[PDB]
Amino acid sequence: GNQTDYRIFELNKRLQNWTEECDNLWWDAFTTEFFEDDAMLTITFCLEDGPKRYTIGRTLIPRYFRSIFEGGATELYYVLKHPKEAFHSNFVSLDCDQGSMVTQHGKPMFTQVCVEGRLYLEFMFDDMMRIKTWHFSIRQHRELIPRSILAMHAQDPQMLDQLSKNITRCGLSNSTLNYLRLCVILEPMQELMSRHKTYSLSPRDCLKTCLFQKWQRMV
C-alpha cells in the first residue's frame, strides 16, 4: 500500500514530536499537514448504555488529538494490519478492520491502553495526500500494566485491586469523552455565532431567527 500506508507512517512519526508544551498552534499545524480544510472525524463506540457516535469538523479536530494526551497519554500511534486500499477518480480509501490506536501513559503507573477497531480513511488524490474523512468504530480495548509495578504494589491489597480497575471506559479517557460530548452541541452553534458576528443581535435572537429559518430550507 505504497502511497497511503506511508501517510499513516508520517502521522505517527510527527506524533513522536509531541511535548507537554504543544499548544493550539502546534496541533493546528499538525492537523493542517494531515487533514483537508473540510475534513470530518468520527468516533463510534458502545460504552455502557448503547451505541454512540460523535462527528466533528475540521476546526474541532486538533483538540480531539490533544484530548487523548491531556487524559494521560505521552505518545500516540496507529497500527493498521492489512488495510485495504482503493483508488478512485478523485480520492483514495484505506479501510482497515484490524486497526489499533495505542497510547502510552506517563508517570506514574506507566500503563498502555490499546484500542481496537475499524479505521476508515478517505484521502484526496493530490500532491498533499491529506485526510478528507476519518472514521474509527471502536470494538474492544485493552489496558496493560507493567509487570514491574505489579511487583511493587503486590503486597498492598486494598490499593492494588485498585489496579484491577480501568483507566478508560472504552479505550477513551474521560478527557476525550467529555470533549466530544461538548463538541456534539457546540459545533452546530457555529452558524449562530456567524449570525452574531454579522447582524448585531442577541445569541437567543440568533438561535430564534435561524431555527425560524430552517423549516423553509426543507420545502
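One rule holds for the numbers: they count along the sequence shown, beginning at 1.
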When the Cα temperature factors in the entry are averaged, is it 12 to 20 or 191 to 199 that ends up higher?
191 to 199
Hey, which bit's got the bigger mean C-alpha B factor in the entry, 78 to 86 or 145 to 153?
145 to 153
Which one, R58, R181, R63, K165, has the peak C-alpha temperature factor per the PDB entry?
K165
Using the temperature factors of the C-alpha atoms in this entry, rank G99 within its chain: lowest, middle or highest third.
lowest
Based on the entry's values, in what third of the chain does the Cα temperature factor of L172 lie: lowest, middle or highest?
middle
Chain thirds by Cα B factor, record data; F125 belongs to the middle
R118 - which third its CA temperature factor falls in, relative to the rest of the chain
lowest
How does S93 rank on Cα B-factor within its chain, lowest, middle or highest third?
lowest
